Amino acid sequence: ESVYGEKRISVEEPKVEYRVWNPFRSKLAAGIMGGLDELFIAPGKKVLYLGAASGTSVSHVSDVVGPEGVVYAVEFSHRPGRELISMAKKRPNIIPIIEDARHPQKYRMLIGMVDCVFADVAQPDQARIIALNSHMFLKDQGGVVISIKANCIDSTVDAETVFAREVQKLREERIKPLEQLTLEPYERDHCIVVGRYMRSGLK
Amino acid sequence: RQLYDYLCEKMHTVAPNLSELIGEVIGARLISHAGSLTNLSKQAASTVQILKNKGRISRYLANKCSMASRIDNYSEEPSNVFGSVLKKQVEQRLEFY
Amino acid sequence: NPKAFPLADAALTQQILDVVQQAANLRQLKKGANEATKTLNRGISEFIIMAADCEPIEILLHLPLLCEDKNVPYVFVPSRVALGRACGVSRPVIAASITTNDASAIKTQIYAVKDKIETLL
Amino acid sequence: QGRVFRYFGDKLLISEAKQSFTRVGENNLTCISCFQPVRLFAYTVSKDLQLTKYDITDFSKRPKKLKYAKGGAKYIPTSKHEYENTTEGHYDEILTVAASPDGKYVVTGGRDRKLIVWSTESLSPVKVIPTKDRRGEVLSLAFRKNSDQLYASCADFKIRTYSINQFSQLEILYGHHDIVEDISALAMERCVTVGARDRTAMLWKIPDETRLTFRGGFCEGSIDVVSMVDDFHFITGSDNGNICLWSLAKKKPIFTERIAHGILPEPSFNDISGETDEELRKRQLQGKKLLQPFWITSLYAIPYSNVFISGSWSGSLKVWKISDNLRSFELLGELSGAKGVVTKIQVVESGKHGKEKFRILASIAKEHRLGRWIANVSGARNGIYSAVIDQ
Amino acid sequence: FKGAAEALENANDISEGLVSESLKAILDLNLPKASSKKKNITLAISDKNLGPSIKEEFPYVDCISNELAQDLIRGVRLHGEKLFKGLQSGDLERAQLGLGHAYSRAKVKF
C-alpha cells in the first residue's frame, strides 16, 4: 500500500518494499534530491519534525530512522493531524503532537532529549519557533535542518535577504549554519539550511 | 448473517447518507473501494466508479453518493433524512431515464 | 465551534466576486465542485471560493480538508446568488476554483485576494 | 432643460387605491411598457418568444386581450455564422419590447442580437435591424419622448441609437467596461446607462460625445435598475438595496438608502444542515453574516415627479416620496397585491390636469428577464400586476 | 500514575497549564515548609505559565523558569531515566508512544 500514491518497489532475499522519494512533495526530499553533505537524520537516533501536516514527508523520516529511531512530529491542524494519527497506527517510530509549538514546554514531558530537528512551517517567526524547541529539547551538538519559504515569511523584501537574515537570527541563538541550499527546480524560491546547535565554541 | 447485520448497523451509524442513497452493500463496499472514507471525499465524481445507463447514471449517482460521503466525512452527527433527499435527485433523473 | 468557518466579510466578498468574474472572463475559473476536486487532485488549484448557504453545507466540505492537504487556500462567502452573478450564471453558484495559467490578466489580483484569504485562515 | 414641476405626492392614497393581479395566457413576462397618446395601450413580451398586446384603458376592471404574435423554432438562422440576423421573428430570449412615444412602431430585442420593429395595428413586422455582432445582445431600450429616437444597450459594451421613422442608425456610444443592463431617457437628448458589476453609471449627452461617472460603493455588486424623472437628477436601485438618488452636485449621490424591501428569507436550517443533532443546525447559519439583501428588481419614476417605485421578489413594491428640497426621499407605502419577480414597471395616466387617474402596470414573473437568479421564491405566478389610483 | 488514563488526565493539565491533584500533592511532601516572604524553598520549572498555577498552590516557594533550569532539565533528559536508580518501572520510550497517541486522540477528538 502507498501512503499518498507514490510507487513503491520490492526485492527478494534468501520482501523489502522501498517507498520512492518524491522530491516535489517534500522540501526535505527535495533537499536530499538536491544533494547534501552531512545529514542530521540518522538510522538510530531520535528526531523531531516541526510542521508535519501529514505523511507527505514525515513517513519518509520514519523510514530513514527505521526500526531503531523515532520521529516526534509537531503539528496543530485537526484534519491532516488525524491522517497523521492513523498513519502512525502502522509505524512505531511516529508520534505526533497537536500542540502549538510557540510554547513547546506545553508538551515538555512528552519528549525527553531529542537529537535532531527539522523545520517545515510557514510561520514568520521561524527562528523563534525553532529556538523554543532547540533550547530545551535538542542535544548539544545536535543539528537543525531548516526549510525556509521566503514568500511566506517576509515577501516584500528581496530573495537572498530572507535567508541571510534568518541565518543571522540563528547565529544569535548558537545555531551556526553549516551549509545552505535553495532547491530551485523542485520548488521555486525556497531554501533548506543545515546547521548544528553549537552552544559551546560558536566562534 | 450476523456480520451482515452489524455491517449494515455500523453503516447506518456512521454513513447514513451512503446507506439511504444506495444501500448498505454498495456503501459499505465503497469505503473499502477507496480504502477509507477520507479517500472517498478527495475522489471526484468521475474518478469514483460504481455499478445509456452506464454513461449517465453511474456518473450522477456517483455525484450524489460522493456528496453523501462528504457529509458523512465531516459531520459529527449525520442524518438519515438528507440521504433520502440526495437520493431523490437521482430519483427524478432516473424517472427521466 | 463553527463548521462553516472561516466566513469572509462583505467588501472582501466583493473583491472575491470581482476576482471570480475576472477569472470567468479569463476562463481560468474552473467552476463547481466536480471541477474543483479535479483541480485539487491534479495540483493546478490556486484557491477556492465557496458559498455557505448551499443545501446542504458539506457538499463543498471536501475543499477545506482537501485544501489543507495541498497548501491551497479557501474561504466562505455569504451569498450564493450574488456569487452566481459573479460567475455570470443565471443559476446560483456555490463553488468556484482559481487555477494556474501563466496567460493571466489577473495574475496579481489573484495573489491580492489570496493574501487576505491566508490572513483569514 | 426642465426641472421637477409636479407635487402630487401628497394626493396619492395607497391604502384606498385598487390593487389587482390579473391572469394572462403567457409565461415569464420579461417587460411591461405602457404607451400614452399626447386610446391607452399595453405591450408585453414573454419567454414563449411572444409579443402580446393588451388593453389597460379600463381602470374599473382588468386588462383585456387585443392581439398576440409568437415566435418559435421556425425562424432559425439559415446560416448560423454570418453578420446578418434579418429574420422577422424571434428564436431565443427576448429581453425588451418598446412602443414609440407616438405609438406607431414598436421594437423587440434580446439575446438574438436583433432589434425587430413591428406595426401596431396589424401585429405584423415592419422592419428588422440586427446588431451585426455576436456579443451584441441588446438588453434594454430607451425611447426619446415626442420623437422616434431609441437608445438601446447591448452586451458588448455598446449603446446604440436609432431613428424608427427612417430605419436608420445615427450613432453608437462606447465606454462601459462591463455590460449594460439598464438605461433611461426623457424628452431631451440625454440618457443614463448603468453597468453590470463595475457600478459605474454614465448620464449621457448623446450629441456632444461626453460622459459623466456615477460611482457608489450591504455591499454593492450591481446597479440593477435606473429611471429618468428629470434632467439634473436620477435614481438607481442596487442588488444590496443601495437606493441612490443621484444629483449633478456630487459624483456621490444626493441620497443613500440601505436595504429597502426587507431582509432575505433566512435559509432552512433543515435544508442547510442535514444534522441529526439540532445543536449544529444553528452553527452553519453563521448568525448575522449569511443573511442577505434583496435586490431592486425594478425601479420606476413618473417623469418630473417626487415619487418613485421599487420592486423586488420580496413581494413589496415599495413607493418612496421625495421632499421639496430635493435632498432626500422618504417611504410613501408598499404594494403587496402581487408577488414574484418584477421586471418592468410603467404607470399610465388619464383625467384632467388637476385630478390624475392612474394605472400602474408591473410585469410579475417567477424569474428575471436577465436571468433566473432566484431561490426559495414564495407566492409567485406569471402575470400582470395592475393598480388603479385616483387622487 | 496508577494508569495511562491518569497520564491523560495530567497532560490535560500540562497542555492547558494547570496543576493536577498529584502535581500539587507530590510537592506537599517533597517540599516541606519554609518561610513565605524570604528564604523560600526554590524549585526549578521548565514551563513558565504553570508557574503562577504552582505559586497559587504554594505560597512559600520560589518557582524558577531560567536557562540554568532549562539546562538542568535538558541534562536530566540527556542522562534520561538513569538518574532514577531502579525506581523507573519499565521504560520511558514505551510510555511516550501511548502518551503521544492518546493525547493526540484526546485533542483531535474523533
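The coordinates are above.
1. Regarding the overall build of chain B
Then comes step 1: Helix and strand counts for chain B come out as six helices and zero strands.
Then comes step 2: What you see in chain B, going N to C, is helices and strands ordered as α-α-α-α-α-α.

2. What about the overall build of chain A?
Then comes step 1: Summing up its helical and strand segments, chain A has six helices and nine strands in all.
Then comes step 2: Relative to the 2.2 N^0.38 estimate, which gives 17 Å for 203 residues, the radius of gyration of chain A is 17 Å and therefore close to what a compact globule would have.
Then comes step 3: Overall size of chain A, expressed as C-alpha extent along the three principal axes, is 50 × 40 × 35 Å.

3. Remarks on the sheet that holds strand β13 (residues 168-173) of chain D
Residue and element names in this part refer to chain D.
Then comes step 1: Spatially, β10-β11-β12-β13 is the arrangement adopted by the four strands of the open sheet, whose pairing is antiparallel. The two strands at the open ends of the sheet, each matched to only one other strand, are β10 (140-143) and β13. Direction aside, neighbouring strands of the sheet carry axes that sit 20 degrees apart on average.
Then comes step 2: With five bridges connecting them, strand β12 (residues 159-163) and β13 associate as antiparallel partners. Residue pairing for β13: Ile 159 is matched across the bridge by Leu 173.

4. A look at the interface of chain C and chain D
Then comes step 1: Each side of the interface is counted separately: chain C has 10 residues, and chain D has 11 residues.
Then comes step 2: Class assignment of the residues belonging to the side of chain C that touches chain D gives a composition of seven nonpolar, two polar and one charged.

5. Section: the interface of chain B and chain D
Then comes step 1: Between chain B and chain D, the residue contacts involve four residues of the former and four residues of the latter.
Then comes step 2: By residue class, the composition of the side of chain B that touches chain D is two nonpolar, one polar and one charged.

6. Points about the environment of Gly 136 of chain D
Residue and element names in this part refer to chain D.
Then comes step 1: Tracing the chain through its elements places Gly 136 in the loop between β9 (125-130) and β10.
Then comes step 2: Spatially, the C-alpha atoms of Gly 136 and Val 106 are 20 Å apart, while their sequence positions differ by 30 residues.
Then comes step 3: Ignoring sequence-local partners within four residues, the contact set of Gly 136 consists of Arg 113, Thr 131, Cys 154, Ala 155 and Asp 156.

7. A word on unusual backbone geometry
Then comes step 1: The omega torsion of the bond from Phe 5 of chain C to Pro 6 of chain C falls at -10 degrees, within 30 degrees of zero and hence cis.
Then comes step 2: Looking at the element boundaries, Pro 6 of chain C is found in the segment before α1 (10-26).
Then comes step 3: With phi around 50 degrees, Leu 183 of chain A is a residue other than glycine that occupies positive phi space.
Then comes step 4: Positionally, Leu 183 of chain A belongs in the loop between β8 (175-181) and β9 (190-197).
Then comes step 5: Within the chain, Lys 80 of chain D stands out as a residue other than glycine whose phi angle is a positive 65 degrees.
Then comes step 6: Locating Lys 80 of chain D in the fold gives a position in the loop between β5 (64-70) and β6 (94-99).

8. Considering the pairing of strand β16 (residues 200-205) of chain D
All names here are of chain D.
Then comes step 1: Bridge analysis of strand β15 (residues 190-195) against β16 gives four bridges, and the strand direction is antiparallel. Of the residues in β16, the one forming a bridge with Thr 193 is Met 202.
Then comes step 2: The turn linking β15 back onto β16 is made up of four residues, and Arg 199 within it adopts a positive phi angle of 60 degrees.
Then comes step 3: Here β16 pairs with strand β18 (residues 214-215) via two bridges, running antiparallel.

Each value, and the rule that gives it
Residues numbered from 1 in each chain as written, not as in the entry; some residues may be left out. Chains lettered and ligands numbered in written order. Part of a larger assembly, values for the part shown. Heavy atoms only, no water. Residues with missing side-chain atoms left out of burial classes, pairs and counts. Helix = DSSP H or I, 4+ residues; strand = E, 2+ residues; numbered from the N terminus. Rg over C-alpha atoms; globule rule 2.2 N^0.38 Å. Pairing = 2+ DSSP bridges. Axes fitted to C-alpha atoms, helices over the stretch in contact; angles between N-to-C directions. Contact = heavy atoms within 4.5 Å. Nonpolar A, V, L, I, M, F, W, Y, C, P; charged D, E, K, R; others polar.

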